[PDB]
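My questions all concern the structure below.
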Amino acid sequence: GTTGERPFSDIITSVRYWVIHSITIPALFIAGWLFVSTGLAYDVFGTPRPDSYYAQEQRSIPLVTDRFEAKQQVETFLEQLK
Amino acid sequence: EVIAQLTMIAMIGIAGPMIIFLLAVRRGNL
Amino acid sequence: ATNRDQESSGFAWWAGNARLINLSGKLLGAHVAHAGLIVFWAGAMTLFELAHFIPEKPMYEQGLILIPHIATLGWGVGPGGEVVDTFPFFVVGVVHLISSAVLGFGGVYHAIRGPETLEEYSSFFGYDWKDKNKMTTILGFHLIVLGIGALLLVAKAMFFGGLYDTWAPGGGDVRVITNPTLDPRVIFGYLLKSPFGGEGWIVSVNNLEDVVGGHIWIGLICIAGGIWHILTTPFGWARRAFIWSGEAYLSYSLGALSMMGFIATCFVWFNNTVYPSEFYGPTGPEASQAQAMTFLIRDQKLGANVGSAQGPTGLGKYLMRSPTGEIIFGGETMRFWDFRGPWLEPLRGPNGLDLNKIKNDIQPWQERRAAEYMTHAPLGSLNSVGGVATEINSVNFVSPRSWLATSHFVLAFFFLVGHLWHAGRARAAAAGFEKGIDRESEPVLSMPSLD
Amino acid sequence: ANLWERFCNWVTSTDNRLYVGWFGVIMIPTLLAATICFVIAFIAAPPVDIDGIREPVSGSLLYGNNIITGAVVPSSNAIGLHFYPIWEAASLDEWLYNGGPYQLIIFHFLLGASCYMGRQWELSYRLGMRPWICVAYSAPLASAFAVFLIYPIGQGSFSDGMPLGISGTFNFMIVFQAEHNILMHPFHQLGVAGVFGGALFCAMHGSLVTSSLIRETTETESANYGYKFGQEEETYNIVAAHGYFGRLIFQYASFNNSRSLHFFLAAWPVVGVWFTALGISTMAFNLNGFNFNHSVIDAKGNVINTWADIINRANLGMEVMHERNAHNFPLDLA
Amino acid sequence: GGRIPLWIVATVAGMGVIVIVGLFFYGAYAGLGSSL
Amino acid sequence: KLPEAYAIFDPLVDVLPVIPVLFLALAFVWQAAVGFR
Amino acid sequence: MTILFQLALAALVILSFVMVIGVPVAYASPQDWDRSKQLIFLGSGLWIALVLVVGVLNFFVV
Amino acid sequence: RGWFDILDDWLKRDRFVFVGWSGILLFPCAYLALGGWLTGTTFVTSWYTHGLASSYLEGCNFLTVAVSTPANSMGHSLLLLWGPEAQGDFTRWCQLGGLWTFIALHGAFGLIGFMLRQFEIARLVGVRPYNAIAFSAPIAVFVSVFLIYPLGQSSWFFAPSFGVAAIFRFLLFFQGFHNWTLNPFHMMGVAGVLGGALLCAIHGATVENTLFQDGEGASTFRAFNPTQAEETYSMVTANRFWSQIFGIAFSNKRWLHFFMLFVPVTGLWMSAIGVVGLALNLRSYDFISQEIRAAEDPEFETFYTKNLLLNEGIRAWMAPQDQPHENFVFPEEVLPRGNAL
Amino acid sequence: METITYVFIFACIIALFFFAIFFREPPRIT
């Protein structure tokens, strides 16, 4: 039967539907685009940029080796990139 | 250059859906 | 609603081409239109390969499957397989692509505008699937058309240029064939060879004379079978053996196509005569033999006596005996001692590889070919990283022999499934229980229990 | 009638406890030769020089194996793809040394199982059934053809077919991952989705039909006696299992057509096992799993490993150890 | 309630994904992750 | 390379071989049009 | 005449494109089976001639 | 009407997506397990935990992205965002592996929620809860593989990371360190999954090829009304077919669908037990009798000894980079290798 | 003794096959 809601085939063929979402969808796409194009996603999540995996002449990985000094450990490897 | 690539395929690909669109206006024989 | 809905034809949309079984005219449209697409692709693809072709790279470094087919027929190519004129490729391409539009035109005509059914418009082009005489008549015409096709190939080899002969001396050249082989002891000897190692059935055909000869035979066989069938009707024994329906005929041809795809798969993988390695890259066996050659040459240059070098296992490190005693390359490549190619045969004597020829007569073109083929061995990843599975990214290569073999095994497998599907269904349909079991007559219910 | 007709009518009798049929005429002898040989070799066959390097692998129980380690060992690499019937050997001793039972077993077996497939069609015809069960069996059959026939062909040797053994199978899989990165191949990914999905849908359907058995028994007897063989009626409430399952997810992710539901059960595992049989068949021609080794590099050019590089380190460990005495030259090109 | 035919939204949607995925397969050969 | 005469058609030539796959897709556009009757 | 060869060759493409869309619509529209009989017949001769015309011009520029 | 009963009314309403009391556990935890997987595979690295890229941002594709396990140096920390390690710093929590525990633990409570939901819906609809019972096997698998196994090991590092190729690595780790293929509990699991798929295919194919003719078209899907009394296919003809093809057949439709539940559910449970074993390195790695012979008889070779040699290759070639926190340094000369390769 | 044990269990299973097929409970239609 029908739980009672408006059928989907009915909403997405409606114009009012596409009036609303011809804006919001592309907008969300652009928001997410910008999230990465602003470089903002890098600093939120702490993800290295292609130039920040290593120091210029270092060949070893900033692996974390302490449970409680770990936050401090990551912060000090970041200082050693400048 | 690659817009040439995309513009040709843009038009080639829409040619199909369009035929169906035309024959539907004309109450054509789909 | 001329068929075209599920209510009238009995078939849903996902099986809608079954709506055409007894609509000879629309069905004619679909075949030609589809023939349209095949010739289209032959055309578009060739021009795409031409637009992407650099004559300085081997054909096989460039991802080409069709131009190598054109080069094998002796167009646009010189000694060693060097590309000397690209214009013939362009012609093959344009003509097919052009042709596809007339094909295109004709199929879309018949599928839409033309008569849905033909049998009242002309007694000759109309047909009924159950008309045993009319069916062998169509079969007969197409046999003759195929017979002609095979003779076009003879015609190109004997009168219109020749074929590329990888075995022609001076590293291979285009060559006219003048003594095709007609001895049926050879031509049909091939069909009687084992398909197993060292024999290879018809995949072993290693010279153009045998190829051209075999197409004379098959061309005349086909033409003579066309006539036979146009004039005859199936005899009692054949009538009682088969299902006479449109679906059954389809299932018999899916059967044939499957068989053929599988033979093609092995042809392109093992055969380096009508798939010259100049164009297609080396075979799997050829590459592996080429590596043994490469390191024989290098070590011997350093001072190694390669005939007396005992490797770790006790077997020769470079040379050993096949199980029938032939001298063959050692190491894992022992499995590939059946390989034959123009770069390697100069070193062969009556007992296999000849050590005096190894120590004295290896030319630098053989070192080059052997090094080239060992580093273009048909190994590569789906995304076209070349080499073994553990190779690093760098080389963008997958052998045309891999592409053509994998693709055609896949296609042959699914056409075997198509056979069983439509063969099974043809039998049920003919017997009348393809839509299921009759409740009022369920056959098992009249049968005695098994126990 | 005449003698030949009596025989034909017996061969095709739908009254024999086991259906024979024309396919059965070939199947029975070939499976029997394959089964007798295999059973005897598994127990008593002497060591087999699989890799052609005069380094024989013991596969049989009497030569120090157990059920898990035992195998009928693939024939010699020296043989490659040559046919090696018993009559081609100078002696049984030679034939055993070189792995002849393997060839005899798998040829008779492929042949016997192909006719088994045909036999499935044949009896469905004599019984008035629809015919496509045999199509379902084609997925398992094709899988067998791949490890026993196609993969040897592309690689040039039955020495690289799958061994007839529990640990031999594992050997085959490991060497396959290192030589083809089969885990990174989509057709094998499709095989896993095939068999996980098949197992999932098996458990779902069984659980869903079982959930909706109609009370026809008491709490002391087996629910199973609520169903009598050949009973006209259904013994579960599909409406009720749709109602349960449509609510578990939502109404239309659930089936209410028994036929569509059952065709989905057939098709999911068959398709995916087709793809993974096709995966072994195309890697047989060295079209291998995706390679992303050193696919990420940084602004200077350092390799930034990903999980694909870690898989490669494992792969490489298999590569360099497998058949440790069999390679003289730096690439394992088959 | 049904002013835009469904097949139309279908084709549009499809060409929508076809594009986005095409982009991702393109990205496998360009910039980050291309081995280059 | 094509003959330089047809160089200007290189981008249309790059796309031509995928055209036959659109025919398959065009069939589904068509049956959605007739509503999979 | 490098200029008259590219002329004709687009005449083929623009005409192909027209005929590719137009011929199927024409066919399954019942009204102008006669209004359009002429169109496609003429486009067709136009198409064919143009192939030939491009086909000969190639041999003055290719 | 008490307020509890009013809330029960709303939660158990017939809507397009049923909520229930179970939903209060189910939907938040599932959305965040999901969402955290999507977030981590899209944007988060494994650089400080593993020396690895693991997100689309870094240029990984769908096969190579992962939410990777936290560093071995974390032990078995819950890795709470407000906990001693990350101290409420969301950026640092991503970099130290918090999302892994975040996914692992919400995912676990989500599975609970899902099973409770199966119970809740069965009870209101009036059906037996064999489906919830069936879902016990995925739960045993998840719990055994993602929780028990690392809790037995040195840390969460060695649990599976959440990625396509990460899981492939885990398979291969398990071959080369645990010799998992040789473990009868996995072998029972293999049998139950491949046997489940067999039952799945053979039962669907049998139904579709013993249908009664209940309509008149060639699309046989339309000849079924879910309210019909009648069996849509013939148990009788199915039984004869399989008795004659295979020797034996099902005759009882109830046992048949019960057996379909049992086989794969029982196999996943056996596999789980074996992984509990491996939590402790309690492996079926060796056959002692083979090793005593092998060590004394250099001509004795079996597929068992050949596979251990492979295992040794995997361990040594893959460990330095797979367990970077160990600072394994293996000079070329110690790396086991056959000839030439 | 281990070889004999594996062969004995295997032989029992092959006998089981026999009885399971030929001495099954006959299915009947009630």
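All chains are identified by letter, namely A, B, C, D, E, F, G, H and I, in their written order; residue positions are counted from 1 within each chain.
FYI, a contact is a pair of C-beta atoms (placed from the backbone, for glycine too) under 8 Å apart; a residue touches a chain by one contact, two chains touch by 3 or more.
Of all chains, I has its CA centroid at the greatest distance from the CA centroid of chain B.
Relative to the centroid of all protein Cα atoms, the closest per-chain Cα centroid is that of D. Of all chain pairs, the one linked by the most C-beta contacts is D-H. Averaging C-alpha coordinates per chain places the centre of chain C 43 Å away from that of chain H.
In this assembly, the C-alpha centroid of chain A lies 61 Å from the C-alpha centroid of chain I.
If you average the CA atoms of chain A and of chain B, the two centres end up 36 Å from each other.
In chain D, the residues touching two or more other chains are 14, 17, 55, 66, 124, 127-132, 135, 229-231, 251, 290, 292, 294-296, 304, 315-316, 319, 323, 325-329, 332.
With touch defined as above, residues shared between interfaces to two or more other chains in chain B number as follows: 13, 17, 19-20, 29-30.
Annotation for chain A: residues touching 2 or more other chains are 3, 48, 50, 53.
Residues of chain E touching chain D in their complex: 32-36. For chain I in complex with chain D, the touching residues are 2-3, 6-7, 21-22, 27-30. Interface residues of chain B facing chain G in the complex, by the touch rule stated above, are 11, 15, 18-19, 22-23, 26, 28-30.
Every residue of chain I that touches chain C in the complex is listed here, in rising order: 22, 24, 26, 28.
Residue ranges on chain F touching chain E, taken from their complex, read 25, 29, 32-33, 35.
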